[PDB]
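Chemist: Have a look at this one.
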Amino acid sequence: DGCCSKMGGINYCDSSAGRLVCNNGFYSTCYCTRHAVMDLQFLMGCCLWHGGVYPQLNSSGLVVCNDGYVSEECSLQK
Amino acid sequence: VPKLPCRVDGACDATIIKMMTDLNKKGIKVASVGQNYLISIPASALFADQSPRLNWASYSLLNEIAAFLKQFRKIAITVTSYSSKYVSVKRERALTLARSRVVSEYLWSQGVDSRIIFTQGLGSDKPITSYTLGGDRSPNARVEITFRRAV
Amino acid sequence: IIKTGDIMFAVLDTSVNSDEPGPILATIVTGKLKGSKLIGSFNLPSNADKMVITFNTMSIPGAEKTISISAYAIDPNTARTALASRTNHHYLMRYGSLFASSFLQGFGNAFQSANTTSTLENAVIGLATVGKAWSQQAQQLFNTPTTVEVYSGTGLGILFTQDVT
Amino acid sequence: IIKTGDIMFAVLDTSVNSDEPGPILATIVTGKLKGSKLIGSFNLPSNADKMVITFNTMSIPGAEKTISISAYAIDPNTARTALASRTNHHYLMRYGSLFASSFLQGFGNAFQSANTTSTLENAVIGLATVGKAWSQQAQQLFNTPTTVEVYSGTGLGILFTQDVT
Amino acid sequence: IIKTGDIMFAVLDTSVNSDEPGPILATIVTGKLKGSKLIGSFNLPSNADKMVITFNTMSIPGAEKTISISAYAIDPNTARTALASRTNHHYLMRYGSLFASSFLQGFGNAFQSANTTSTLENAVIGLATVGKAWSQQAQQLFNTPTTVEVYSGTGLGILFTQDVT
Amino acid sequence: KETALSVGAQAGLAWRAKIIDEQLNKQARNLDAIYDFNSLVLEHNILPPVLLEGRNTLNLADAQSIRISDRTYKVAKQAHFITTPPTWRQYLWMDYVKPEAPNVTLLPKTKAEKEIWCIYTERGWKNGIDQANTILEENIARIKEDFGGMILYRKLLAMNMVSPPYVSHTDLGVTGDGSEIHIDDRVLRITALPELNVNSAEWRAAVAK
Amino acid sequence: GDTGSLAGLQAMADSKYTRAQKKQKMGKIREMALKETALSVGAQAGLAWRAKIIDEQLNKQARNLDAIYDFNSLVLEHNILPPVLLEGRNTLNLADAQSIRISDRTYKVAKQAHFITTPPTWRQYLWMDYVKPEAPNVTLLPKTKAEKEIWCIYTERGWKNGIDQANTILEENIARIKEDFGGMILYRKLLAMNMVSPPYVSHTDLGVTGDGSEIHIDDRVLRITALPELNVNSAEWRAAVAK
C-alpha cells in the first residue's frame with residue numbers, strides 16, 4: 001500500500017498536482033486530491049449524454065431523460 | 001474511492017527503481033535531471049558493424065525499454081543516433097537516420113503511451129569523447145532517448 | 001399510484017412492553033415514498049402465539065402532508081405475524097408463591113392431625129395459619145397476564161390496506 | 001368480464017396464525033386479469049375441521065381502479081375445505097396440567113385417609129394442598145382452544161361470487 | 001416544522017414518588033427548540049413492569065408562545081418503558097406482619113388444644129388473643145401497592161404525536 | 001418462475017451492455033477517424049443539413065388511381081448553428097448500471113424448481129442479449145442515416161441541386177453607454193436556409209474516366 | 001453475484017445463501033443511522049480542527065500579506081476607495097439559431113467608487129472563523145466490533161469531508177480578494193491608459209458658523225461631483241510601447 005515504497009516514504013501531498021512527494025525528490029505514482037489528471041474511460045448510470053435523471057417518482061418502470069428522452073435499457077421490461 | 005483509481009495503472013515505484021538498477025548494471029546509461037529523463041545505449045548490442053540490421057537477442061533489451069516506458073506518463077519522445085565517421089558524411093548520416101527510424105517504428109508498434117515520437121541522427125557530428133580509437137566498439141557511437149515527464 | 005395491498009419495509013428503533021399503548025413509531029425505508037415515518041400503537045392479544053403492531057398516521061417528508069394508510073405488520077423474511085418476544089414471564093413466580101402457601105397450610109393441618117397416633121407443634125402453628133392468608137392473596141395476585149416486549153433493533157414489514165395518492 | 005361464480009387461482013405468499021384477523025394479501029395468478037392483488041382476512045371456526053380465507057378488496061394494476069370482488073377459497077388439487085395445517089396445538093399441555101393437579105390432590109388426601117390402617121406425611125401434605133389450587137386454576141386455564149395457521153407456500157383456488165369487469 | 005412522530009430528547013432535574021402528581025417540568029435539551037421547558041405529571045400503571053411520564057405543556061422562550069405538544073417517554077438509550085426505580089418496597093414488611101400475626105394466633109389456639117394429652121398457659125393466652133386482632137388489621141393494611149420513586153438525574157426520550165407550526 | 005425470467009432479462013441485458021461498451025471503447029480511434037464531422041462543418045461554423053432520397057416510388061391509393069415516380073427528395077433536418085462538432089458518443093454510448101439488488105421473494109427449495117428456475121433464467125439471459133443487440137444496431141442505423149444525409153447534402157450541393165446557406169453580418173464599433181462598453185460588436189444572422197430548386201434546367205451532370 | 005451471473009445464480013439456487021443473508025438482513029436495516037451519525041460527527045470535528053489549523057497557518061504569515069496587499073498605495077488622493085473593473089476577451093454568445101454575437105474585448109464597472117475612512121485589510125477577507133465545540137452529542141452507539149469498525153471508518157470519511165469543506169471555503173475567500181485587488185489595479189491601469197474618467201470633487205469652505213451659542217470656527221464640505229466612468233469616443237485614446 002506504500003505509494004513511496006522502496007524509498008524514504010511520504011513527504012507531503014502537493015495539491016497543485018494532486019500527488020504525493022516521496023522523500024527522494026520524485027513524484028509518486030498515487031494521487032491525493034481529486035483535481036488530478038486521471039485517465040478514467042469508464043462510467044455508470046443512465047440518461048448519459050442527455051438531460052440526465054428526472055427526479056420524478058415514476059409510477060411506471062420507465063425513466064425519462066430531462067432533454068425529453070427515455071432510456072429503455074434503464075427501464076424495466078415486461 | 002473504488003469508483004476512482006488510486007494509482008496510474010501499470011506503475012510501481014519499487015518496480016521502477018529495481019529496473020533502473022537492472023539497466024544501470026546492464027551498462028546502458030539512465031539519467032534523470034530535473035523532470036526530464038534520458039537513456040543512452042551503445043550500438044554494439046543493437047546493430048551489426050555499421051549496418052542497419054538488428055540482432056535477435058536485442059528484442060529482450062527493447063522489451064525492457066518498453067517495460068520501462070510503460071511506467072511513466074509521457075507526451076513527446078525523441079530519439080537520436082550518433083556514430084563514428086567511416087567513409088562519407090552522407091553515409092553516416094543516413095545510417096544514423098535509418099537506425100533511429102527502425103527503433104522508432106518498433107517502439108511505436110509496442111505499447112508506447114505517447115502522442116509524438118521524433119527521430120533523427122547526426123552521424124559523428126557531436127562526439128563526446130576525444131578517445132576515438134575504436135569504431136563501433138567505441139562509446140561514441142550510440143543512441144539516446146530523451147523525454148520530459150508530464151505531471 | 002399505490003395498489004391496494006403491496007409489501008413495504010420499516011425500521012423499529014424504540015421498544016415497549018405490552019401494558020400501555022403509546023405513539024410508537026417506525027421509519028419506512030423503501031417503496032415510492034422516501035423518508036416516510038409512521039406512528040401508531042400496539043394491541044394486546046388473547047394468547048401468546050402472535051403479536052402485531054397497528055400503525056396509523058403516515059407522514060411523507062418534504063411536503064407537509066399526512067396520509068392515513070393504516071394496516072397490520074409482518075416480520076420480514078418470516079411470513080409470521082408473531083412478535084419476537086418471550087412467553088415465560090408470569091408463570092413460575094405466582095406458581096411457586098401459591099404452591100408454597102398451600103404446602104404451608106397442608107403442613108399445619110396434617111401434622112396437627114397426626115398428633116394422637118414443641119418445635120413440631122410450632123411448625124404446625126406457623127405453616128397452618130400463614131397458609132390461608134397467603135393462599136387467598138396468591139389467588140389475588142395470580143392473574144397477571146403474559147406481556148410481550150417488542151425489540152428496538154428488529155424491523156417490520158407492512159402489507160397495504162387502502163389506496164393513497 | 002368474469003362470469004358469476006367461476007374458478008380461478010391465487011398464490012398465498014404470507015402466513016398468519018388464526019387468532020387475530022386482519023389484512024392478508026394474495027396475487028391472482030391466472031384468468032383474464034394480470035397483476036391483480038387482492039386482500040382480505042380470515043374467519044375462526046369453533047371446531048377446526050375446515051377453514052376458509054375471505055379476500056375482498058381487489059386491485060387491478062395499470063390504472064387506479066378498485067373492483068371489490070369478494071370470493072371464497074379451496075385448497076388446490078384436493079377439493080377439500082380443511083386447512084393445510086395442524087390442529088393438535090394445545091390439547092396435551094392443558095391435559096397434563098389438569099391431570100397432574102388432580103392426581104396430586106388425590107394423592108395427599110387418600111394417603112391421609114390411609115393413616116390408621118414423617119416423610120410420607122409430608123408427601124401427604126404437599127400433594128393434598130398443591131393439588132387443589134392447581135386443579136381450580138387448571139380448570140380455569142382449560143378454556144383455551146386450538147386454532148390453525150396458514151401457509152405462505154400453499155396456493156388456493158378462488159371460486160367467484162358476483163360479476164365484475 | 002416538526003414531522004408527525006419524530007425523535008427528541010430531554011433531561012429532567014427533579015424527582016418524585018409515584019403516588020400524588022404535580023405540575024412537574026423538564027428541560028428540553030436537543031433539537032431546534034432551545035431553552036424550552038415542558039410540564040405535566042405522571043400516571044400509575046397497575047403493574048410496575050413499566051412506567052411513563054405524561055408531559056404536555058411546552059413552554060418556549062423568546063416570545064410568549066405556548067405549544068402543548070404531548071407525547072410519551074422512553075428509557076434513554078434503552079428504549080424500554082420500565083422506570084429506573086424500586087419495585088420491592090412493600091412486599092416483605094406487610095408479609096412479615098401478617099405472618100407473625102397468624103403465627104401468634106395459631107400458637108395460642110394449638111397449644112391450648114394440646115393441653116390434656118402457668119407460663120405456658122399465659123403464653124397460649126397472649127398468642128391466641130393478639131394473633132386475631134393483628135391478623136384482621138394486617139389483612140386490612142395489606143393492600144397498599146408498590147410505588148416507584150423517579151430519578152432527578154435520568155433523562156427521557158420523546159417520540160412525538162402530532163404536527164406543530 | 002416469472003421472477004426468474006425477469007432477473008434473467010435484467011442480468012443478460014446488463015452483462016451484454018457492459019461487454020458491448022468495453023468492446024466499443026476498445027477501438028475508439030477508428031470511430032473518430034471515420035466520423036469526422038469537422039471535415040463536413042461549413043466555413044461559417046454551421047452543421048450541414050440532412051437529406052433523404054427515394055428511388056422507384058410506387059403509391060397505390062385505391063382503384064383507378066396509381067401514382068408513381070422515378071425519384072424524390074426530402075429535407076429531413078434543417079441546418080442550424082453549432083458551437084462544437086458532435087461525436088459518436090452521444091449517438092452511440094450504451095447506458096449501463098449494474099443492478100446489485102436481486103430481491104428474495106421466491107426461494108428455490110427442491111431440485112425440480114431449481115432446474116426450471118435455471119432454464120428459465122437462461123432463457124431470460126438469451127432474451128436480454130437479444131435486447132442489447134437490437135438496441136445497439138438501432139443506434140448504429142440512426143447514426144448511419146444521419147451521416148448519409150449529411151454526405152447526400154454535400155453531393156447535391158456538388159451537383160447543383162440546393163442553394164448554399166446565406167448569412168448576413170453587421171458590425172458596430174464601440175457600443176454601450178458610459179457605464180459599460182464592448183469595443184466591437186459583430187452580429188451574424190443566417191438569412192437564407194438551403195432549399196431545393198425546381199427549375200431543373202439549371203443542373204449539371206458528371207462522368208468518369 | 002450477478003457479475004458471473006450464471007455461477008452466482010446457480011449459487012443462489014442453493015438456499016444456504018438465502019438463510020445466510022437472512023441473518024444480516026436485520027443488521028442491514030439498522031446501521032444507516034450509525035453511518036449518518038459517524039459522517040456528521042466526522043464532518044464537525046474535521047471542519048473545526050482544520051479551521052483552527054488553517055487559522056494558525058494564516059496568522060503565521062501575517063507580514064507578507066500586508067506586504068502584498070498594500071491598499072495605501074492605491075488609496076486615492078482625497079482618501080477615496082478606487083472603483084472596481086472587469087474585462088473580457090473574445091466574447092462569444094449563441095443566443096439561438098440564426099443568431100450569433102461576438103466581441104473582441106468588453107469592460108464592466110463592478111462597484112462604484114466611494115469614500116473611506118480606513119484602508120481595508122486581508123483579515124475580513126481571509127480570517128476563517130473558529131469556535132471549539134466541547135460537547136460532542138451522541139444519541140446512538142455501536143454494540144459489536146463490526147459496528148465499531150464501520151463507525152470508525154465512516155468517521156474517518158467524515159473527517160476527510162470536513163477537511164475538504166474548510167479548504168474549499170478558504171480558496172473561495174482567496175478568489176474573492178483576488179477579484180477585488182484585480183479590479184482595483186485594473187482601474188489604475190485604465191486610468192493611466194486614459195480609458196476611464198477620473199473622479200472629480202468639489203470642496204466648499206465656510207468661515208465661522210453657528211449662532212451666538214454653539215459654533216465651529218471653520219467648515220469644509222466636500223462632495224464627489226463627477227463619478228468615474230469610461231470614455232466611449234475612442235479617438236481620444238493612447239497606446240503603449242516598450243523596449
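Going through the C-alpha cells in order, the chains are called A, B, and so on, while each chain numbers its residues from 1 and the ligands are numbered from 1 in the order shown.
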Any idea what's packed within 10 Å of residue 70 in chain G, counting only C-alpha atoms, ignoring anything in its chain fewer than 3 positions away? Could you give it as a PyMOL selection string?

Modeler: chain G and resi 65-67+73-75+119-122+181

Chemist: Name all residues at most 12 Å from range 40-44 of chain A (count only C-alpha atoms; drop same-chain ones fewer than 6 positions away) and give them as a compact mmCIF listing (two decimals) with N, CA and C atoms, in the first residue's frame.

Modeler:
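Output contents, as saved in selection35.txt:
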# COMPACT_ATOMS: atom_id res chain seq x y z
N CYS A 74 -32.31 1.31 -19.04
CA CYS A 74 -32.52 1.51 -17.62
C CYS A 74 -33.95 1.22 -17.21
N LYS B 3 -14.58 3.83 -7.04
CA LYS B 3 -15.04 4.38 -8.30
C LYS B 3 -13.92 5.08 -9.05
N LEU B 4 -12.96 5.65 -8.32
CA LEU B 4 -11.82 6.34 -8.88
C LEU B 4 -10.55 5.54 -8.64
N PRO B 5 -9.60 5.58 -9.57
CA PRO B 5 -8.34 4.86 -9.36
C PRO B 5 -7.47 5.54 -8.31
N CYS B 6 -6.66 4.73 -7.63
CA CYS B 6 -5.75 5.25 -6.62
C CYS B 6 -4.33 5.43 -7.14
N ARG B 7 -4.01 4.85 -8.30
CA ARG B 7 -2.69 4.97 -8.89
C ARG B 7 -2.85 4.94 -10.40
N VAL B 8 -1.84 5.43 -11.10
CA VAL B 8 -1.79 5.22 -12.54
C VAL B 8 -1.44 3.76 -12.79
N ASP B 9 -2.24 3.11 -13.62
CA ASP B 9 -2.18 1.67 -13.81
C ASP B 9 -0.88 1.24 -14.48
N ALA F 14 -27.75 -6.35 -18.65
CA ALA F 14 -26.66 -5.62 -18.01
C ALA F 14 -25.30 -6.16 -18.43
N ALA F 17 -24.64 -5.41 -22.13
CA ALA F 17 -24.38 -3.98 -22.31
C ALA F 17 -22.97 -3.61 -21.86
N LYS F 18 -22.52 -4.17 -20.74
CA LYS F 18 -21.17 -3.87 -20.26
C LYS F 18 -20.11 -4.41 -21.22
N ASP F 21 -20.05 -2.13 -24.26
CA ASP F 21 -19.36 -0.86 -24.03
C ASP F 21 -17.85 -1.04 -23.98
N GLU F 22 -17.38 -2.13 -23.37
CA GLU F 22 -15.94 -2.40 -23.37
C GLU F 22 -15.42 -2.64 -24.77
N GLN F 23 -16.16 -3.42 -25.56
CA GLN F 23 -15.77 -3.68 -26.94
C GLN F 23 -15.83 -2.42 -27.79
N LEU F 24 -16.77 -1.54 -27.49
CA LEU F 24 -16.90 -0.30 -28.24
C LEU F 24 -15.74 0.64 -27.94
N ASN F 25 -15.42 0.83 -26.67
CA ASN F 25 -14.36 1.76 -26.32
C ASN F 25 -12.97 1.18 -26.57
N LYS F 26 -12.87 -0.13 -26.81
CA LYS F 26 -11.58 -0.72 -27.13
C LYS F 26 -11.00 -0.19 -28.43
N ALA F 28 -11.79 2.97 -30.04
CA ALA F 28 -12.37 4.30 -30.17
C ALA F 28 -11.69 5.16 -31.23
N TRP F 93 -23.11 5.70 -27.16
CA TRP F 93 -22.71 5.12 -25.89
C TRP F 93 -23.89 4.41 -25.24
N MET F 94 -23.72 3.12 -25.00
CA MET F 94 -24.73 2.36 -24.28
C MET F 94 -24.72 2.77 -22.82
N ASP F 95 -25.91 3.05 -22.29
CA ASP F 95 -26.05 3.31 -20.87
C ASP F 95 -25.86 2.02 -20.08
N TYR F 96 -25.39 2.16 -18.84
CA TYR F 96 -25.09 0.97 -18.05
C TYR F 96 -25.15 1.28 -16.57
N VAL F 97 -25.83 0.42 -15.82
CA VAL F 97 -25.75 0.41 -14.37
C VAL F 97 -25.99 -1.01 -13.90
N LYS F 98 -25.07 -1.53 -13.11
CA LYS F 98 -25.19 -2.90 -12.63
C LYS F 98 -26.26 -2.96 -11.55
N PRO F 99 -27.26 -3.81 -11.69
CA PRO F 99 -28.25 -4.00 -10.62
C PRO F 99 -27.71 -4.96 -9.58

Chemist: Quick one: contact table of range 98-194 of chain G to range 15-37 of chain A, 12 Å max, nearest atom pair and distance in Å to one decimal per residue, counting only C-alpha atoms, chain and number order, as a tab-separated table?

Modeler:
residue	atom	partner	partner_atom	distance
G:160	CA	A:33	CA	11.1
G:163	CA	A:33	CA	11.7
G:164	CA	A:33	CA	9.7
G:167	CA	A:15	CA	10.8

Chemist: From a backbone DSSP assignment, name each residue in range 12-204 of chain F labelled strand (DSSP E or B), as a ChimeraX atom specification.

Modeler: /F:42,46-47,50-62,65-77,80-81,162,166-172,175,181-182,185-192,196

Chemist: Mind listing as a VMD selection string which residues of chain A are within 12 Å of chain D, counting only C-alpha atoms?

Modeler: chain A and resid 59 to 61 78

Chemist: At a cut-off of 10 Å, using only C-alpha atoms, what residues contact range 64-71 of chain A? Leave out same-chain residues fewer than 2 positions from it and give the result as a ChimeraX atom specification.

Modeler: /A:46-56,58,62,73-76 /F:94-95

Chemist: What does the file look like for those residues with N, CA, C and O atoms, as an mmCIF file, in the first residue's frame?

Modeler:
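Everything below was put into out-v5.cif:
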data_model
loop_
_atom_site.group_PDB
_atom_site.id
_atom_site.type_symbol
_atom_site.label_atom_id
_atom_site.label_comp_id
_atom_site.auth_asym_id
_atom_site.auth_seq_id
_atom_site.Cartn_x
_atom_site.Cartn_y
_atom_site.Cartn_z
ATOM 1 N N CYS A 46 -27.442 5.925 -16.251
ATOM 2 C CA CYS A 46 -28.208 6.013 -17.480
ATOM 3 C C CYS A 46 -28.660 7.451 -17.680
ATOM 4 O O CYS A 46 -28.436 8.314 -16.828
ATOM 5 N N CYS A 47 -29.281 7.686 -18.844
ATOM 6 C CA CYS A 47 -29.577 9.015 -19.398
ATOM 7 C C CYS A 47 -28.322 9.868 -19.555
ATOM 8 O O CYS A 47 -28.383 11.098 -19.511
ATOM 9 N N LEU A 48 -27.180 9.224 -19.757
ATOM 10 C CA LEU A 48 -25.942 9.936 -20.004
ATOM 11 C C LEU A 48 -25.954 10.487 -21.417
ATOM 12 O O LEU A 48 -26.662 9.974 -22.289
ATOM 13 N N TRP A 49 -25.169 11.551 -21.623
ATOM 14 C CA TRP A 49 -25.165 12.354 -22.851
ATOM 15 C C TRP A 49 -26.564 12.853 -23.191
ATOM 16 O O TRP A 49 -26.949 12.961 -24.357
ATOM 17 N N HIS A 50 -27.328 13.167 -22.156
ATOM 18 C CA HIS A 50 -28.709 13.578 -22.294
ATOM 19 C C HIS A 50 -29.011 14.518 -21.139
ATOM 20 O O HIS A 50 -28.096 15.022 -20.481
ATOM 21 N N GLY A 51 -30.298 14.742 -20.879
ATOM 22 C CA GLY A 51 -30.696 15.627 -19.803
ATOM 23 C C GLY A 51 -30.409 15.088 -18.419
ATOM 24 O O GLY A 51 -30.407 15.859 -17.455
ATOM 25 N N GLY A 52 -30.160 13.794 -18.296
ATOM 26 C CA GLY A 52 -29.889 13.199 -17.013
ATOM 27 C C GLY A 52 -31.116 12.539 -16.430
ATOM 28 O O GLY A 52 -32.103 12.264 -17.111
ATOM 29 N N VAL A 53 -31.051 12.289 -15.137
ATOM 30 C CA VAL A 53 -32.115 11.581 -14.443
ATOM 31 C C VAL A 53 -33.175 12.579 -14.010
ATOM 32 O O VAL A 53 -32.875 13.574 -13.343
ATOM 33 N N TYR A 54 -34.407 12.322 -14.397
ATOM 34 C CA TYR A 54 -35.518 13.115 -13.898
ATOM 35 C C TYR A 54 -35.870 12.661 -12.489
ATOM 36 O O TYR A 54 -36.133 11.474 -12.276
ATOM 37 N N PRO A 55 -35.910 13.566 -11.512
ATOM 38 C CA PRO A 55 -36.151 13.159 -10.124
ATOM 39 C C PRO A 55 -37.597 12.828 -9.796
ATOM 40 O O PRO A 55 -37.910 12.650 -8.617
ATOM 41 N N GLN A 56 -38.482 12.749 -10.787
ATOM 42 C CA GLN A 56 -39.871 12.430 -10.516
ATOM 43 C C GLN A 56 -40.018 10.958 -10.141
ATOM 44 O O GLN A 56 -39.205 10.104 -10.507
ATOM 45 N N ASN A 58 -41.628 7.841 -10.882
ATOM 46 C CA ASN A 58 -42.355 7.207 -11.969
ATOM 47 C C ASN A 58 -43.200 6.069 -11.423
ATOM 48 O O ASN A 58 -42.679 5.147 -10.789
ATOM 49 N N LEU A 62 -40.430 2.995 -16.363
ATOM 50 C CA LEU A 62 -39.562 3.689 -17.298
ATOM 51 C C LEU A 62 -38.927 4.911 -16.645
ATOM 52 O O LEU A 62 -39.326 5.360 -15.570
ATOM 53 N N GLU A 73 -33.066 0.862 -21.773
ATOM 54 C CA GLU A 73 -32.120 0.000 -21.078
ATOM 55 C C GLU A 73 -32.315 0.090 -19.573
ATOM 56 O O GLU A 73 -32.478 -0.927 -18.890
ATOM 57 N N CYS A 74 -32.310 1.311 -19.041
ATOM 58 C CA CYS A 74 -32.522 1.512 -17.616
ATOM 59 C C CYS A 74 -33.954 1.215 -17.211
ATOM 60 O O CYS A 74 -34.206 0.918 -16.040
ATOM 61 N N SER A 75 -34.888 1.289 -18.151
ATOM 62 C CA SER A 75 -36.270 0.960 -17.860
ATOM 63 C C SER A 75 -36.439 -0.543 -17.668
ATOM 64 O O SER A 75 -35.571 -1.346 -18.017
ATOM 65 N N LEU A 76 -37.582 -0.916 -17.105
ATOM 66 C CA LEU A 76 -37.890 -2.305 -16.797
ATOM 67 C C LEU A 76 -38.774 -2.891 -17.889
ATOM 68 O O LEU A 76 -39.762 -2.269 -18.293
ATOM 69 N N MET F 94 -23.719 3.120 -25.000
ATOM 70 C CA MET F 94 -24.726 2.364 -24.285
ATOM 71 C C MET F 94 -24.723 2.774 -22.822
ATOM 72 O O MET F 94 -23.666 2.869 -22.195
ATOM 73 N N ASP F 95 -25.906 3.052 -22.289
ATOM 74 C CA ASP F 95 -26.049 3.312 -20.866
ATOM 75 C C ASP F 95 -25.857 2.024 -20.081
ATOM 76 O O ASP F 95 -26.115 0.927 -20.580
#

Chemist: Out of F:68, F:158, F:75, F:106, which residue has the shortest atom-to-atom distance to chain C when counting only C-alpha atoms?

Modeler: F:106

Chemist: Taking only C-alpha atoms into account, which residues of chain C are within 10 Å of chain E, as number ranges by chain?

Modeler: C: 13-27, 36-40, 57-62, 64-66, 108, 112, 115-116, 118, 121-134, 137, 144, 147, 149-152

Chemist: Do a neighbour search on range 214-230 of chain G at 10 Å with only C-alpha atoms, toss out local chain neighbours closer than 5 positions, and write the hits as a PyMOL selection string.

Modeler: (chain F and resi 177-181) or (chain G and resi 78+80+82-83+107-109+112-115+187+190-191+194-209)

Chemist: Next, dump the selected residues to file, keeping only C-alpha atoms, as a short mmCIF file (atom, residue, chain, number, x, y, z; two decimals), in the first residue's frame.

Modeler:
data_model
loop_
_atom_site.label_atom_id
_atom_site.label_comp_id
_atom_site.auth_asym_id
_atom_site.auth_seq_id
_atom_site.Cartn_x
_atom_site.Cartn_y
_atom_site.Cartn_z
CA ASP F 177 -23.24 53.71 -22.57
CA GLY F 178 -20.62 55.42 -20.41
CA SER F 179 -21.10 52.78 -17.72
CA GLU F 180 -20.15 49.59 -19.58
CA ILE F 181 -18.90 49.04 -23.13
CA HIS G 78 -8.82 62.56 -1.36
CA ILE G 80 -11.11 57.64 -1.88
CA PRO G 82 -10.82 53.20 -6.15
CA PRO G 83 -13.63 51.61 -8.17
CA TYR G 107 -15.37 46.14 -19.89
CA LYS G 108 -17.70 46.41 -16.92
CA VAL G 109 -17.81 48.52 -13.77
CA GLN G 112 -18.84 52.32 -7.84
CA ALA G 113 -16.07 54.21 -6.07
CA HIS G 114 -16.86 55.93 -2.80
CA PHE G 115 -15.30 57.47 0.29
CA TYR G 187 -8.83 50.71 -12.69
CA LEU G 190 -7.01 52.01 -17.34
CA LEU G 191 -6.86 55.45 -15.73
CA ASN G 194 -6.97 57.15 -20.40
CA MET G 195 -9.87 54.74 -20.67
CA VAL G 196 -11.95 56.00 -17.73
CA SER G 197 -12.86 59.40 -16.41
CA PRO G 198 -11.17 60.26 -13.11
CA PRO G 199 -13.45 61.12 -10.18
CA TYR G 200 -13.98 64.84 -9.74
CA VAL G 201 -14.65 66.58 -6.43
CA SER G 202 -15.90 69.94 -5.21
CA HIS G 203 -14.99 71.50 -1.87
CA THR G 204 -16.77 74.49 -0.37
CA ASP G 205 -15.47 76.38 2.64
CA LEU G 206 -17.44 78.46 5.12
CA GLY G 207 -15.97 80.52 7.94
CA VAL G 208 -17.22 80.77 11.50
CA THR G 209 -20.58 79.03 11.53
#

Chemist: Would you work out the distance separating CA of residue 12 in chain C from CA of residue 154 in chain C, expressed in Å to one decimal?

Modeler: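 Answer for the CA of residue 12 in chain C to CA of residue 154 in chain C separation: 5.9 Å.
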
Chemist: Return as a PyMOL selection string the residues belonging to chain F that are within 9 Å of chain G, counting only C-alpha atoms.

Modeler: chain F and resi 8+11-12+15+80-83+98-100+102+104+107-109+114-115+117-118+121-122+167+174-191

Chemist: Those same residues - C-alpha atoms - I'd like them written as an mmCIF file, in the first residue's frame.

Modeler:
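Result file result.cif:
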data_model
loop_
_atom_site.group_PDB
_atom_site.id
_atom_site.type_symbol
_atom_site.label_atom_id
_atom_site.label_comp_id
_atom_site.auth_asym_id
_atom_site.auth_seq_id
_atom_site.Cartn_x
_atom_site.Cartn_y
_atom_site.Cartn_z
ATOM 1 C CA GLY F 8 -32.610 -13.326 -16.331
ATOM 2 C CA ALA F 11 -28.766 -9.869 -15.848
ATOM 3 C CA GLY F 12 -28.407 -10.624 -19.548
ATOM 4 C CA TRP F 15 -23.857 -8.072 -18.770
ATOM 5 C CA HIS F 80 -28.580 25.442 -37.933
ATOM 6 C CA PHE F 81 -25.752 26.898 -35.880
ATOM 7 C CA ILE F 82 -23.308 24.906 -33.769
ATOM 8 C CA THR F 83 -20.679 25.571 -31.142
ATOM 9 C CA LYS F 98 -25.190 -2.897 -12.629
ATOM 10 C CA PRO F 99 -28.249 -3.997 -10.621
ATOM 11 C CA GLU F 100 -26.927 -5.258 -7.291
ATOM 12 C CA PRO F 102 -31.846 -9.360 -6.681
ATOM 13 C CA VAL F 104 -35.591 -12.626 -2.453
ATOM 14 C CA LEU F 107 -36.790 -19.071 -2.762
ATOM 15 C CA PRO F 108 -35.550 -22.222 -4.535
ATOM 16 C CA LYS F 109 -36.456 -25.270 -2.449
ATOM 17 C CA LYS F 114 -34.193 -25.199 -9.115
ATOM 18 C CA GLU F 115 -33.849 -26.772 -12.565
ATOM 19 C CA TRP F 117 -35.509 -21.819 -12.387
ATOM 20 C CA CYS F 118 -32.117 -22.307 -14.049
ATOM 21 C CA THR F 121 -33.193 -17.721 -16.161
ATOM 22 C CA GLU F 122 -31.109 -18.998 -19.077
ATOM 23 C CA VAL F 167 -25.804 34.752 -43.962
ATOM 24 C CA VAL F 174 -17.601 50.781 -29.560
ATOM 25 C CA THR F 175 -21.059 50.335 -28.093
ATOM 26 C CA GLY F 176 -22.877 50.686 -24.790
ATOM 27 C CA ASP F 177 -23.239 53.714 -22.569
ATOM 28 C CA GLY F 178 -20.616 55.418 -20.414
ATOM 29 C CA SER F 179 -21.099 52.784 -17.720
ATOM 30 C CA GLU F 180 -20.145 49.585 -19.580
ATOM 31 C CA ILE F 181 -18.896 49.043 -23.135
ATOM 32 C CA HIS F 182 -17.816 46.451 -25.633
ATOM 33 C CA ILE F 183 -15.173 47.650 -28.067
ATOM 34 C CA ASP F 184 -16.694 45.932 -31.124
ATOM 35 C CA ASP F 185 -19.855 44.034 -31.963
ATOM 36 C CA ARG F 186 -20.104 41.573 -34.840
ATOM 37 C CA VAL F 187 -23.580 40.102 -35.345
ATOM 38 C CA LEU F 188 -24.321 37.371 -37.874
ATOM 39 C CA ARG F 189 -27.798 36.099 -38.737
ATOM 40 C CA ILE F 190 -28.473 33.334 -41.228
ATOM 41 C CA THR F 191 -30.930 34.831 -43.704
#

Chemist: Do you have the CA of residue 41 in chain E-CA of residue 145 in chain E distance handy?

Modeler: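 One can read the CA of residue 41 in chain E to CA of residue 145 in chain E distance as 19.3 Å.
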
Chemist: With only C-alpha atoms as the atoms that count, which of F:105, F:119, F:168, F:148 lies nearest to chain C?

Modeler: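 Nearest to chain C: F:105.
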
Chemist: Work out how far CA of residue 58 in chain B is from CA of residue 91 in chain B, in Å to one decimal.

Modeler: 23.9 Å

Chemist: Between F:166, F:103, F:140, F:205, which is the closest to chain C once you count only C-alpha atoms?

Modeler: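 Of the candidates, the smallest distance to chain C is held by F:103.
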